[PDB]
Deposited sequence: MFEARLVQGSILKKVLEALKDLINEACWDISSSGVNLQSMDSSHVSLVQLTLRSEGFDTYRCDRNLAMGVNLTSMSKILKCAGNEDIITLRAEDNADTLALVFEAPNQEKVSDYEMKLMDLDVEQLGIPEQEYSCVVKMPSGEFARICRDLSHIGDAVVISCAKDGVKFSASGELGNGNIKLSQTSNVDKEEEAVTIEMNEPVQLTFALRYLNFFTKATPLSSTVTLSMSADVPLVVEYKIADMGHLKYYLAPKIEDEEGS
């Protein structure tokens, strides 16, 4: 049996909201150490990697390791029946044929129980150093990507000592946005060498659906290698996105 109780149910609500629009199915590695999701989009341009550490849960039980093949469309629809203040418990027997989601209304004497069939369903990005790591408000990064996508399809990210610059160009015209170093509304560069890459705004705008999980975002980048867009899930772990460059 696997059983995790999360008092702050909204995290699962947001986490799924942030995955459904990018990937349809994914494997949930349930283990003694917790929950690990690592999936590519249907066209293999991005990789999402969710970690929810066991200690992040209010109670956490996991007797055997499980590969729970999950339909994220089904899961998201179920999580939409959860209230933002619900206590969410996940439950799976070790056979792993179905997954139970229990939502405890915080005060109200209302308890909801949903149940979902699992499917029968690991290569990763090695840890590395990054020439540039930008810590910046999630909301700002979201506005930038939304705005710049009205001008073009690609953004050129340029990181230097002074600041980080985002620029696109279409037929309409071109634009660029320059951030400068300044918390929670702080912009912070840890650069090791100046970096200029190009990425698809369509994908970035999928990534920013995770904006509710943290008021900060971390962009990490090195030449000719995938960008990393990281949202820490406080007291839990993270939700990370890797986006291959356009060369």
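In sequence order, the deposited residues that have no C-alpha coordinates form the ranges 122 to 124, 186 to 190, 256 to 261.
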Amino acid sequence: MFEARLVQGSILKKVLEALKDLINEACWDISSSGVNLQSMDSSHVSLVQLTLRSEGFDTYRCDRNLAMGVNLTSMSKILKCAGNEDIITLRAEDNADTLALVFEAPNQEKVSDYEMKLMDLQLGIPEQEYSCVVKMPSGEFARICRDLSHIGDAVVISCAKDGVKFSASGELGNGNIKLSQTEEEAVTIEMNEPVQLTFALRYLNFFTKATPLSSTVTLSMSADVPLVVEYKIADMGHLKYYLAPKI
From here on, numbers count along this sequence of modelled residues.
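Just so we're on the same page, rigid core means the largest C-alpha set that superposes within 1.5 Å between forms.
Annotation: of the segments 210 to 218 and 185 to 193, 185 to 193 departs further from this form in 6 other deposited structures of this protein (C-alpha atoms, root mean square over structures and residues, core superposition).
Of the two segments 150 to 158 and 107 to 115, the one whose CA positions lie farther from the displayed form in 6 other deposited structures of this protein, once all are superposed on the rigid core, is 107 to 115. Per-stretch averaging of Cα B factors for 104 to 112 and 169 to 177 places 104 to 112 on top.
Taking the PDB entry as given, 122 to 130 carries the higher mean Cα B factor of the two stretches 122 to 130 and 152 to 160. As recorded in the PDB entry, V187 shows the highest C-alpha B-factor of the residues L47, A200, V187, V70. Per the PDB record, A96 has a higher Cα B-factor than any other of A96, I78, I88, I144. The entry lists a Cα temperature factor for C27 that places it in the middle third of the chain's modelled residues. Among all modelled residues in this chain, the alpha-carbon of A223 has a temperature factor (C-alpha) in the highest third. Sorting the modelled residues of the chain by their CA temperature factor places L243 in the lowest third. Per the deposited record, the Cα B-factor of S138 falls in the lowest third when ranked against the other modelled residues of its chain. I233 sits in the middle third of its chain by CA B factor, as recorded in the PDB entry.
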